[PDB]
Amino acid sequence: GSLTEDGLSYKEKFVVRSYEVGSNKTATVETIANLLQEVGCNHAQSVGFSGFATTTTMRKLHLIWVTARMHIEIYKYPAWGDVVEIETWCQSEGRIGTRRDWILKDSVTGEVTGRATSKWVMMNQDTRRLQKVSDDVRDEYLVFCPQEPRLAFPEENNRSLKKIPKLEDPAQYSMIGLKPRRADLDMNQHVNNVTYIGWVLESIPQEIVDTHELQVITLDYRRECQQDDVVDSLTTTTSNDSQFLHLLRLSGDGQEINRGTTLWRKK
Amino acid sequence: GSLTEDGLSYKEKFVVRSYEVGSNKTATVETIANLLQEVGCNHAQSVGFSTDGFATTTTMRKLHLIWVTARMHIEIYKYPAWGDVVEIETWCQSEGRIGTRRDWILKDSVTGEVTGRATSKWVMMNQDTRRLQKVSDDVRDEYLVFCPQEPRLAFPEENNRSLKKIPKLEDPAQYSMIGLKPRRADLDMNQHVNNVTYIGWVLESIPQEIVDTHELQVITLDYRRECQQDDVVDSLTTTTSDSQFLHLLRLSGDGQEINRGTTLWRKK
Ligand SMILES: OC1CN(C(c2ccccc2)c2ccccc2)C1
Ligand SMILES: OC1CN(C(c2ccccc2)c2ccccc2)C1
C-alpha cells in the first residue's frame, strides 16, 4: 500500500482469500468491510497517526474518533483469488466530524466494483461524551485531506445521507442471543465495527441470501455492544429488488445499539 | 505465493492486518490458523486440485470422497506483530492407508528465524454418508507425486506432543462458556463451519485473566463431529497443571462430543 503522488489519498491491493468468501465463491460484505477498515488504518499510519488513530491534541485531551454511520454499495463482489484495489481518503465536515470515503476496483479491468462512505464523530474515551471538532484538532489533520470536495457519493439525495426509521415490534424476522467471542474484538478489546454488520445480516432469512445479492447496506452506530452484552437482531421487509429495515438491540432491556437498511437484487 | 524449486512444498508471505491482532498487538492463534488454511488451499490449487470448494483428486470426485481434519496441532514461539511479514512453508505426506498429513513452518521474513510450526492429520470421508475410510491405492497414486518421498516432519522428536492421546474431560468442568452458535462469517464456501471457529470456541472457556497474563504456546485439537449451522455448543475447560488445560466442546442439548483438546500457556 502507498499514498498517491499528491499525498492526499491512499491505495492498497488485496488478494481475496479462501476463508473470506461465501457460497458464491465471492468476498462477503464483512470481508469487504474488514478490507475498508485495514486500508483506513494503513492510510492513518502512513501520514503519522497511530490502538486508536489520534492527533497529538486528541491524545492530550483523551479524545478518539468513533463511527456514526457506515454506507457500502457493491456492484460486483471480487472472486476468491482475485485482486481488488481500494483507494481511500478523508475530508473534514466542519465541526460535526470527519468523513472517510473508499472506491473499490478490479485490478485487472480497472473498473469500479464498489464504493463506501463513513461518518466519524469525536468522543471523550473515558466519559463517552460526544463533542464537536476543535480548531486545534482540525488544524492537525486538514493538511492530509483534499481541500476541494471529493465525494464517493456525489448524487443529489443519495442513499448514504438518508434518515433511517426505528423498526416497530413485532419484527417479521429475528435472530436472538447473539454474543461476541474474542475473535470479534479489536486490539483495544472493543467489539469490531464489522461484527455489527454480521449481526444485522443474521436476521435475513437464508432463502433471501441464497437467491439475492446484497447491493447496498447503510448502518447507524448508536451505542457500543460490550464484550459481556447479548444482542437481538430484528428485520422487517419494507419492499426485482428487496429492501429491509434492521434493528440491533440489547437482549435484556431492549436498548438500541444499531439501526440500518439493506437493498438486495434477485440473482 | 509459489511452489519451491523442487515442486514438493509451497511458500507464501502475509502482512499481519490491524483486525487480525489481539490486545498484545500480535496475531491471534485464530489468525495464524486461518493463514495455515489459506496457504494449504493455495498449495492444493498450484498442483492442480480444487476450484469447486474441496481439495479432491479425479477419483475422489467420482467416488464422492473428501478430506476432513482429524487433528490440528500448533506451536508458536513468537506471534507476528501488526504490520509484520510472516512467511509460511507447507507440504504434505501420505501416511499409508490411514490418511494424509499436512505440515507448516512459520518464519519472520526479516530475520529468517522459525517463529512457529504446525501439523495436521486428515482422513478420507464419503461426503454424503459421512463414513470414514482408508485411502485407496488409486487415490494414493494421484497425490504421491506432489509429496516428498523421504520423511519430512515439522515435529520429528520421539513421542512429541502432536501425537499424544487426549482424554475426555469429566463433569463438572472448572470453567465453561455456554450457548455458542456460528454466524454466517463462521461458515466456509460450502456452508460448513470453518475449522478455525472450533479453535475460537475452545479458547472461549479460558478465563480472561489467563489470556491477559499468559501467552498461548501449544494447542492440540481433535475433531470428532462437525457442528451444523443450526447447532449450539458448550465449551468446557479444566486446569490440569506454565499452565495446561484440558478442553471439551459438546452440543448444548444432548452433550454429543464435537471436539477435545489441550492448551499449554507460558506466564508473560
Ligand atoms: O475516520 C476518520 C479519518 N480520520 C483520520 C485521518 C484523516 C486524514 C488522513 C488520515 C487519517 C484522523 C483524523 C484526525 C486524527 C486521527 C485520525 C478519522
Ligand atoms: O490436507 C491434506 C493435504 N492434502 C493433499 C490432497 C489434496 C487433495 C487430494 C489428494 C491429496 C495434498 C494437497 C496438496 C499437495 C499434496 C497433497 C489433503
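Values reported hereafter were calculated over all heavy atoms of this structure, with side chains retained and with hydrogens, waters and symmetry mates removed. First the proteins, then the strands, lettered A, B, ... as listed; each starts at 1.
A distance-only check finds a donor-acceptor pair linking the side chain of B/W104 to the backbone of B/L36 [under 3.5 Å]. Side-chain N or O atoms of B/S252 include none that pairs as donor or acceptor with a backbone N or O of B/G179 at under 3.5 Å. Checked by atom type and distance alone, the side chain of A/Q172 pairs as donor or acceptor with a backbone atom of A/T237 at under 3.5 Å. Checked by atom type and distance alone, the side chain of B/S235 pairs as donor or acceptor with a backbone atom of B/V202 at under 3.5 Å.
In this structure, the portions of A/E38 lying under 4.5 Å from any heavy atom of chain B include both its backbone and its side chain.
Between chain B and the residues A/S18, A/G81, A/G22, A/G198, the largest count of heavy-atom pairs under 4.5 Å involves A/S18. When B/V15, B/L180, B/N190, B/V21 are compared by the number of non-hydrogen pairs under 4.5 Å with chain A, B/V21 comes out ahead.
Separation of atoms CG (B/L169) and OG1 (B/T237) is listed at 7.5 Å; rounding is to 0.5 Å. Once rounded to the nearest 0.5 Å, the distance linking CD of A/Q227 with NZ of A/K179 reads 11.5 Å.
Residues from residues 201-209 of chain A that place a non-hydrogen atom less than 4.5 Å from a non-hydrogen atom of chain B comprise A/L201, A/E202, A/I204, A/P205, A/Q206, A/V209, given in numerical order. Proximity to chain B among residues 41-52 of chain A is limited to A/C41, A/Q45, A/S50, A/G51, judged by heavy-atom separations below 4.5 angstrom. Interface with chain B: from residues 256-267 of chain A, no residue qualifies, criterion being any non-hydrogen pair under 4.5 Å. Below 4.5 Å, heavy atoms of chain B meet heavy atoms from A/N192, A/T195, all part of residues 190-197 of chain A.
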Let's go through B/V110 and B/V85 carefully: what are the C-alpha distance in whole Å and the side-chain angles of both, what is the deciding distance for side chain to side chain contact (heavy atoms under 4.5 Å, CB included) to 0.1 Å, and is it a yes or a no?
CA-CA 8 Å; B/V110 183; B/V85 176; 6.0 Å; no
Go through the steps to decide whether A/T4 and A/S9 satisfy the test side chain to side chain donor-acceptor pair (under 3.5 Å), and finish with yes or no.
CA-CA 6 Å; A/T4 56; A/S9 72; 2.9 Å; yes
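A/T28 and A/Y77 make their closest contact through C-CE2, 4.3 Å (heavy atoms, listed as atom of the first residue, atom of the second, distance). Across every non-hydrogen atom of A/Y141 and A/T98, the tightest pair is OH-CG2, 3.3 Å. In plain terms, the two heavy atoms of A/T31 and A/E20 that are nearest each other are OG1-O, 2.8 Å. Heavy-atom minimum distance, B/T69 versus B/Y223: O-CB, 3.4 Å.
At a cut-off of 3.5 Å, with distance as the only test, a side-chain donor of B/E75 or B/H73 sits close to an acceptor on the other residue.
Ring centers of B/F146 and B/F49: under 6.0 Å apart, within the cut-off.
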